[PDB]
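Novice: First to last, the protein sequences are chains B, C, C', A, A' and A''. A prime marks a further copy of an entry chain.
Number 126 marks the last residue of the first sequence (the entry's author numbering); no jumps.
Number 570 marks the last residue of the second sequence (the entry's author numbering); no jumps.
Number 570 marks the last residue of the third sequence (the entry's author numbering); no jumps.
Number 100 marks the last residue of the fourth sequence (the entry's author numbering); no jumps.
Number 100 marks the last residue of the fifth sequence (the entry's author numbering); no jumps.
Number 100 marks the last residue of the sixth sequence (the entry's author numbering); no jumps.
Every residue gets a Cβ at the ideal spot worked out from N, C-alpha and C, and that includes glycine.
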Amino acid sequence: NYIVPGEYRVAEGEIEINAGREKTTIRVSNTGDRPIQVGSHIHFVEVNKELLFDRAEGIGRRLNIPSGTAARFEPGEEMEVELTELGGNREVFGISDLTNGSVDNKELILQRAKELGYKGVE
Amino acid sequence: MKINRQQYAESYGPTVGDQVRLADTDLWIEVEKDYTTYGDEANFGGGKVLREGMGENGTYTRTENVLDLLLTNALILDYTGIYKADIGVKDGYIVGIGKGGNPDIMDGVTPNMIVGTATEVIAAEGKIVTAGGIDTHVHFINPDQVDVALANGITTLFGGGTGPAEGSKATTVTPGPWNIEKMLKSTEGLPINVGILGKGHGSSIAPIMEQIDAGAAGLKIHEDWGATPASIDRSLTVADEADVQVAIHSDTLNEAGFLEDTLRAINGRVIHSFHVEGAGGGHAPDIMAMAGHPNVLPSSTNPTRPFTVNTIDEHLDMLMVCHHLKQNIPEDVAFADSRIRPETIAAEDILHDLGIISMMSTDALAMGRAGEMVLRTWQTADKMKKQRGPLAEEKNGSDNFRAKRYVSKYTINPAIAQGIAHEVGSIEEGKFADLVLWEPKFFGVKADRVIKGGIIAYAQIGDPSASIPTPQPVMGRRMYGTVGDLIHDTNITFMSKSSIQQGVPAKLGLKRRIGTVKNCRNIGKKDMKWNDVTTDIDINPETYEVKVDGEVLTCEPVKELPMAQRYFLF
Amino acid sequence: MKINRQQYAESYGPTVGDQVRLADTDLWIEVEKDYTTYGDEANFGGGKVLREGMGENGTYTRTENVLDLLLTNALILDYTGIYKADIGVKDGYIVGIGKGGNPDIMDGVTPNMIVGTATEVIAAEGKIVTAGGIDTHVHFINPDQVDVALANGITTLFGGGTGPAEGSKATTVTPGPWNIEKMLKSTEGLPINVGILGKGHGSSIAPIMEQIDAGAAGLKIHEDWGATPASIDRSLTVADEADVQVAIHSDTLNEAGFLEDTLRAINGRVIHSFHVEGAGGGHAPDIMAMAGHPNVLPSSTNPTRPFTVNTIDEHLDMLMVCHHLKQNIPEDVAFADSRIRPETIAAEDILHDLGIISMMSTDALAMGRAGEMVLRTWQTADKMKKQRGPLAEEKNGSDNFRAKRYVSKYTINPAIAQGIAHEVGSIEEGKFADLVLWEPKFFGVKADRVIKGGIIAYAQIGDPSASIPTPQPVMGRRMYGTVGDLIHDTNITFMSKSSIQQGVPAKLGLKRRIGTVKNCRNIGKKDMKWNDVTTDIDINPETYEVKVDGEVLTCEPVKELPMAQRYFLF
Amino acid sequence: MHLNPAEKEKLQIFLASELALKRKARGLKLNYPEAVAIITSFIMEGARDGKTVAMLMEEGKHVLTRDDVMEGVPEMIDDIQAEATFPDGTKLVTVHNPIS
Amino acid sequence: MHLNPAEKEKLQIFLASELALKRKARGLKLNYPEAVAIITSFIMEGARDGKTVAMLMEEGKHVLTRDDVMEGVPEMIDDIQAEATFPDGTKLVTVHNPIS
Amino acid sequence: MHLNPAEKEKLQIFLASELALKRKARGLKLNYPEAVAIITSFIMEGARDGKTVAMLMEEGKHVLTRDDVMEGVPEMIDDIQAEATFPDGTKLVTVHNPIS
Ligand SMILES: *c1cc(O)ccc1O
Ligand SMILES: *c1cc(O)ccc1O
Ligand SMILES: *c1cc(O)ccc1O
Ligand SMILES: *c1cc(O)ccc1O
Ligand code: NI
Ligand code: NI
Ligand code: NI
Ligand code: NI
Ligand SMILES: [O-]
Ligand SMILES: [O-]
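(1) Between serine 426 (chain C) and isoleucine 82 (chain C), what straight-line distance do the alpha-carbon atoms span, to the nearest angstrom?
(2) Could you tell me if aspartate 24 (chain C') is buried or exposed, where buried requires 16 or more neighbouring beta carbons within 10 angstroms of its beta carbon?
(3) Would the beta-carbon of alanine 16 (chain A') fall within 8 angstroms of that of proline 33 (chain A')?
(4) What are the start and end residues of the beta strand (DSSP E) that includes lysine 61 (chain A'')?
(5) Taking one C-beta from the region 558-566 of chain C and one from the region 378-386 of chain C each time, how about it: are there three or more such pairs within less than 8 angstroms?
(6) Less than 7 angstroms between the CB of residue 590 (chain C') and some heavy atom of ligand 7, yes or no?
(7) Residues of chain A with CB closer than 9 angstroms to the CB of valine 36 (chain A'), please, in chain order.
(8) Under 8 angstroms between beta-carbons, which chain C' residues line up against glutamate 59 (chain A'')? List them in chain order, please.
(9) Write down the C-beta distance between residue 585 (chain C) and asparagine 102 (chain C) rounded to the nearest angstrom, noting that I regard them as a contact closer than 8 angstroms.
(10) Run down chain C' in chain order and give the residues with a C-beta less than 8 angstroms from the C-beta of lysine 8 (chain A').
(11) Following the continuous alpha helix (DSSP H) through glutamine 12 (chain A'), name the residue where it begins and the one where it ends.
(12) Taking the CB atoms as reference points, tell me whether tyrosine 35 (chain C') and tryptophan 530 (chain C') lie closer together than 8 angstroms.
(13) What are the boundary residues of the alpha helix (DSSP H) that includes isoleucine 345 (chain C)?
(14) For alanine 84 (chain A), list the residues DSSP reports as bridge partners.
(15) With DSSP as the reference, please indicate the residues paired to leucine 219 (chain C') in a beta bridge.
(16) So, are the CB atoms of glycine 72 (chain A'') and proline 98 (chain A'') less than 8 angstroms apart?
(17) Is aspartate 363 (chain C) a contact residue of ligand 6, with contact defined as CB to any heavy atom under 7 angstroms?
(18) Taking the C-alpha atoms as reference points, what is the distance between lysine 446 (chain C) and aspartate 68 (chain A')?
(19) Assuming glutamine 19 (chain C) is part of the beta strand (DSSP E), what are its boundary residues?
(20) In this structure, does DSSP put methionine 359 (chain C') in helix, strand or coil?
(21) Report yes if the CB atom of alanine 214 (chain C) is closer than 8 angstroms to the CB atom of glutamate 181 (chain C), and no otherwise.
(22) Taking the Cβ atom as the reference point for each residue, do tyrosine 410 (chain C) and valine 436 (chain C) lie within a distance shorter than 8 angstroms?
(23) Quick one: measure Cβ to Cβ for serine 358 (chain C') and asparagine 413 (chain C'), integer angstroms, because I've assumed they're closer than 8 angstroms.
(24) Cα separation between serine 498 (chain C) and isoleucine 271 (chain C)?
(25) At 3 residues or longer, and completely inside the region 234-306 of chain C: list those beta strand (DSSP E) runs for me, N to C.
(26) Residue 584 (chain C') to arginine 477 (chain C'), Cα distance in whole Å?
(27) Taking the runs of the beta strand (DSSP E) that are 3 residues or longer, which of them lie wholly in the region 51-103 of chain C'?
(28) Using only the heavy atoms of ligand 4, determine whether one of them is closer than 7 angstroms to the beta carbon of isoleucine 350 (chain C').
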């Protein structure tokens with residue numbers, strides 16, 4: 005019975021994020037010499053060119069981390085990250101201009117990625 | 001991936017089943033449902049979600065389902081529920097309650113709640129969001145009173161007054177066409193919504209009616225102008241024709257009638273009974289019996305709320321001094337004793353808890369405090385929890401039922417009473433975006449940010465010369481919504497249909513939004529949300545004891561309240 | 001008859017070859033030339049020269065070459081020179097710099113600088129007169145910020161914001177047509193010039209462009225809304241079409257690209273790089289390399305200016321707390337370490353001195369101080385004199401060269417960048433009469449009188465109830481220029497050509513002078529006055545050391561500054 | 001701090017009361033606004049201490065006496081009113097004829 | 001004096017701090033705005049004395065302890081921020097969890 | 001109290017003077033606004049005491065000396081002006097070169 009004004013009394017449990025969507029783990033490496041931090045909702049295939057990973061596995065996906073957080077890659081760092089699937093209409097516009105439409109156009113996204121020099125187009 | 005519930009709440013505000021303490025009271029509200037999709041919560045900042053191509057859509061123009069403003073992760077406290085949602089605003093109105101973001105990539109986005117290029121963001125995670133308070137008993141006495149009201153989350157003032165003239169100091173009346181026009185013009189510079197009551201006194205219709213045509217939004221009958229059977233009758237006749245509300249402060253002296261006489265003059269027509277307990281005025285000693293009738297919309301004023309050990313001493317003396325009542329004149333003593341009654345004040349606390357008194361209000365600067373309607377509503381709720389216990393209809397150890405009953409008394413119910421709930425009084429889609437954000441630690445005490453018409457009008461913010469807005473001194477200040485011409489779009493002047501039809505605003509050059517008063521004559525006690533109880537209230541004329549359903553209503557005053565010395569510098 | 005030089009200066013202000021100390025710094029400016037005729041100096045008062053038939057002409061009507069206002073004996077400090085002249089104003093504009101008086105009897109009178117019946121006088125003998133400061137990085141968060149800016153001689157605010165909403169608290173953005181309209185209306189009540197930036201974010205042109213048509217004067221790209229390649233590109237495409245400037249706070253996180261990616265997206269188009277050193281945001285750690293490019297117009301914000309012993313501690317902590325960055329999360333620590341860098345902050349001091357960073361600005365209320373752009377410009381100049389010595393190009397032991405380089409950073413250069421230097425930003429004939437008078441003892445610290453559109457808007461003046469205006473308390477106060485409708489004629493709302501052509505001001509009822517934004521797309525670094533250096537800047541990604549022309553740039557922080565504890569009550 | 005408008009204004013009374021107390025300490029008979037300030041501030045500080053409205057109604061009559069003030073001051077002051085936050089909320093105190 | 005707008009406002013904090021210190025001296029547990037005022041004013045006066053931002057970051061945690069304030073006050077105050085003029089210009093001090 | 005506008009403003013000077021005196025007491029050399037405040041408040045309090053304009057013109061030159069203030073302050077202050085209510089009404093006092 006000490007009163008903390010405005011305190012919470014949260015219920016029991018835990019909140020599962022992105023429930024029901026496919027998960028995928030990939031290895032990713034910052035081949036550049038400066039740090040790269042990536043947010044929860046950026047279409048993963050469109051991140052910094054100098055991140056080397058299998059770019060196809062970023063298509064239609066984003067990081068499976070809580071909304072508003074980010075993964076950090078120090079220079080030269082390689083680590084595994086977990087992805088989840090984009091929802092809604094599964095369309096991406098802008099960002100790096102690799103998609104501009106349905107994320108189903110895998111070929112087209114990868115061709116654009118490779119011409120612009122995004123690493124790991126396999 | 002799972003997030004524990006303490007962390008979730010700390011980052012995104014609470015979710016289903018979490019509870020939150022209302023300031024330093026014993027009252028806990030519980031999140032009833034949550035419109036989000038876990039993992040797709042909206043938030044704004046560096047590396048956060050509302051960014052172009054991600055949670056912000058880059059494709060759509062403002063007309064295409066995009067919001068002007070999104071309040072993210074708000075804990076809404078309203079008569080319609082206690083729940084978690086994003087709130088979307090456009091053209092100064094609430095257009096969506098649900099889930100905001102970008103349907104390109106997010107599941108569950110309410111279709112008209114797209115965050116686009118046109119969208120501003122207010123982070124409400126960790127805040128309680130309520131409708132702005134609707135104060136229906138305001139004396140327009142001193143313009144500094146407006147900021148006082150905004151600081152405690154009030155956003156609509158209905159009342160009357162021309163400044164500190166004796167008429168205005170005693171009554172919520174702006175009398176006649178000329179004074180009403182003058183105050184409508186004054187109102188162009190007040191950063192809050194306003195409606196003006198004319199004088200509900202006369203024995204011919206025309207002197208009264210011409211105030212409604214001039215721009216009044218209603219009428220006040222006050223004993224100081226003659227709360228006679230004739231004035232009551234003519235006022236209600238005008239009101240039934242004009243579709244505006246009438247408020248009454250009845251004949252305390254019983255000079256032309258007792259309570260039953262006043263009720264006969266009213267004759268079943270709709271009326272708002274002001275400070276119904278009677279300390280603030282009315283048929284001695286039984287005025288509070290008004291609150292059991294189906295045609296009465298009953299409100300309290302705030303200085304009796306709640307009953308405390310200092311309440312009587314303060315009132316006896318307030319009364320004696322304001323009415324030049326001499327301590328050695330026994331008529332004055334008897335008058336004061338017949339009016340200030342622990343029995344009815346104690347009972348008023350209980351009537352509020354039982355949903356029998358439907359409304360709170362201030363009585364600002366004429367026997368009430370402009371900035372304490374909200375404050376004292378919650379102090380009263382807390383006192384009743386302490387003395388009576390959780391109400392029968394509570395679940396899960398929360399106080400949501402009581403929270404809804406009480407928040408209704410200063411948001412939706414006054415709106416309904418006044419004929420303005422089509423515009424204001426709750427957080428519902430289609431209504432004007434008058435919203436108050438509160439830190440739960442300051443809830444009901446000091447508003448964090450007050451939004452008027454979709455733009456911030458008032459805020460507790462710090463040093464304007466600092467690198468960031470938080471350094472001291474943090475104080476209530478007027479924001480851009482109150483500046484220049486923006487004061488016109490962010491506030492409503494409420495007026496009668498006939499004034500509006502006769503072109504009054506153009507005549508006067510009013511540039512404020514004009515709100516129509518309507519649907520006041522066809523309502524009753526049964527239309528007051530969560531406060532719809534009718535019953536036989538008996539007040540014993542010898543002992544002043546109050547009975548309801550043959551049960552005597554007694555209660556103790558308290559020595560201490562929450563939302564008091566922990567918070568205030570004086 | 002001859003007057004000695006100390007007496008001359010004491011009576012008429014300094015003349016050719018005299019020097020003056022800038023507040024309590026070590027900086028001395030020297031009068032370069034003097035437009036007067038010795039013996040015919042203008043002055044006003046009992047038995048003085050500006051009297052009918054004498055230095056005041058009694059014959060001519062106002063249309064006939066007569067001034068509305070003459071500032072007598074001003075020491076002008078401007079990018080165009082440091083020199084002594086009378087300044088003549090008419091219709092709210094500077095129409096003559098030269099010698100004012102009466103050609104009936106005086107030699108050397110500039111022909112349109114006649115003092116007539118219509119002429120007001122401001123005595124500027126003994127004052128330094130500058131153009132009003134042009135702050136291009138303003139967050140509109142708290143309206144009290146305006147007086148803060150005026151008190152330090154700022155007269156134009158460009159930026160964005162809707163009050164203390166999170167969007168606005170983080171970014172200089174007023175998003176979309178509706179919010180932009182609302183802030184244009186708000187602006188009718190702000191006594192300072194204003195231009196509003198829209199949101200520079202989107203993947204289609206239309207959502208962005210419609211802000212320019214609504215009234216924006218430019219755009220801001222901010223990482224918090226997604227400073228992605230697409231948003232940069234679409235913004236610059238809109239800007240090249242609309243003829244407005246774009247400001248950028250780039251992707252600090254390097255999420256979608258490194259600096260060279262941002263430069264590729266920009267693709268040689270003109271852009272204003274905000275807080276280019278990077279403490280205030282941008283590609284970690286090498287953003288400051290933007291400042292060597294020919295298409296970049298580089299500005300600093302003020303909290304890094306200059307480098308002091310408290311600078312880092314204050315910033316590390318400011319950052320950690322504003323971004324909810326936890327001390328035990330190593331990503332947050334690493335983030336904070338990659339962003340707050342003594343190496344680049346030290347180097348920024350030197351870049352300013354070398355004319356490589358062209359502009360100062362505040363970043364008011366979102367990582368910068370509204371009232372310290374001017375203050376800190378001069379503190380930086382003084383620190384560099386102390387550590388580096390007089391610059392090579394100085395003559396006569398004066399600091400005029402450095403004074404011109406530095407005054408340009410907050411007057412003419414921001415104006416040029418924003419496309420508004422046809423109206424404001426310097427003391428030149430044909431420009432709006434925004435002028436600041438300073439006592440040399442208070443120079444850069446507290447403005448004596450701030451003139452807006454030819455009428456005093458703000459002044460350090462005393463007790464309004466006194467027999468004269470000097471008794472205590474002397475404090476900054478708003479003057480008649482800010483009152484009533486005069487606020488409209490004394491201030492400019494800057495807007496896009498297209499908004500102006502589409503009748504936006506009439507649509508909204510704006511009564512302020514409307515200024516056109518133009519000629520922003522055809523300029524570069526080479527157009528920044530006295531600050532036009534392009535070069536290869538290298539920032540070592542491991543050590544963060546800064547090189548220019550293969551020379552490493554290091555500098556020491558200082559423990560004490562001028563224009564600080566001698567002047568301020570807190 | 002989150003100061004509301006009355007909090008801001010009421011700081012002035014305290015400040016005036018301090019000024020007036022310093023003047024009394026140096027031997028001056030107090031004037032009308034001085035007297036009013038001292039009594040008002042005494043009431044507000046009493047409420048802060050947790051006294052009752054009744055206590056302050058009594059005490060307020062004995063804060064200053066006629067020999068503390070100038071001629072006519074006692075008669076100019078018919079009463080003094082203040083609101084402050086008591087442990088049980090804001091309440092109004094009226095002190096009648098505070099200086100006899 | 002040439003007071004600018006922040007100078008004017010900041011005088012209020014000092015004044016509130018004096019009020020709050022007088023209340024503490026008479027034995028009261030301090031409330032939320034009182035506590036905030038005392039700590040803020042301590043920071044500004046420290047800067048005036050020529051202390052460093054780091055010193056005030058440390059010291060600011062030991063100006064008031066939990067037994068100086070009412071129940072819940074320590075927990076209401078997550079940090080306190082102030083700007084003042086140091087010998088090297090205006091700087092921002094943030095004191096986290098000033099009362100433990 | 002019936003405070004008029006100048007009464008309100010002038011309370012600030014008193015408050016600044018108190019701040020500045022507290023700073024001097026802890027050993028600081030006073031700055032420009034501090035110095036001005038102390039001297040101004042001294043003049044106003046003198047008038048309240050019933051001194052003459054001539055007395056305050058003299059005395060005002062000996063309230064602070066150069067070793068009370070920072071370098072350059074004496075030279076920044078050419079005079080100081082204040083109005084206050086004397087026993088014979090409001091009058092203006094000007095102190096020339098108050099710190100020598
Ligand atoms: C004074 C004025 C009122 O309006 C009421 C009561 C007193 O004492
Ligand atoms: C008040 C009301 C009740 O119903 C019970 C007890 C008190 O004090
Ligand atoms: C608070 C508010 C901001 O806008 C920035 C930083 C803090 O701590
Ligand atoms: C800074 C810059 C220089 O050029 C020399 C010395 C310091 O400290
Ligand atoms: Ni009444
Ligand atoms: Ni009333
Ligand atoms: Ni920025
Ligand atoms: Ni910024
Ligand atoms: O009333
Ligand atoms: O910024």
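Specialist: Working from what's here:
(1) 12 angstroms
(2) buried
(3) At the C-beta level, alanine 16 (chain A') and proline 33 (chain A') come within 8 angstroms of one another.
(4) Counting along the chain, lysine 61 (chain A'') sits inside no beta strand (DSSP E), nor does DSSP assign it H or E at all.
(5) The count of Cβ pairs closer than 8 angstroms, one atom from the region 558-566 of chain C and one from the region 378-386 of chain C, reaches three, so the stretches are in contact.
(6) Because chain C' in this structure spans residues 1 to 570, residue 590 (chain C') falls outside the shown range and cannot be described.
(7) Listed along chain A, the residues sitting closer than 9 angstroms to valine 36 (chain A') by beta-carbon distance are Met1 and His2.
(8) Ordered by position in chain C', no residue passes the 8 angstroms Cβ test against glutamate 59 (chain A''), which lies about 16 angstroms from the chain.
(9) Not covered by the structure: residue 585 (chain C). The range shown for chain C is 1 to 570.
(10) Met475
(11) DSSP places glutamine 12 (chain A') inside the alpha helix (DSSP H), whose first and last residues are 5-25.
(12) no
(13) 342-353
(14) A:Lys91
(15) DSSP lists C':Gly198 and C':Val246 as the bridge partner or partners of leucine 219 (chain C').
(16) Not a contact, by the Cβ cut-off of 8 angstroms.
(17) yes
(18) The alpha-carbon separation between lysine 446 (chain C) and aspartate 68 (chain A') amounts to approximately 24 angstroms.
(19) 19-21
(20) strand
(21) yes
(22) no
(23) 5 angstroms
(24) Put simply, the backbone Cα of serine 498 (chain C) is about 20 angstroms away from that of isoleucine 271 (chain C).
(25) 245-249, 271-273 and 296-298
(26) It is not possible to answer for residue 584 (chain C'), since the shown part of chain C' is limited to 1 through 570.
(27) 69-78, 81-90 and 93-98
(28) yes
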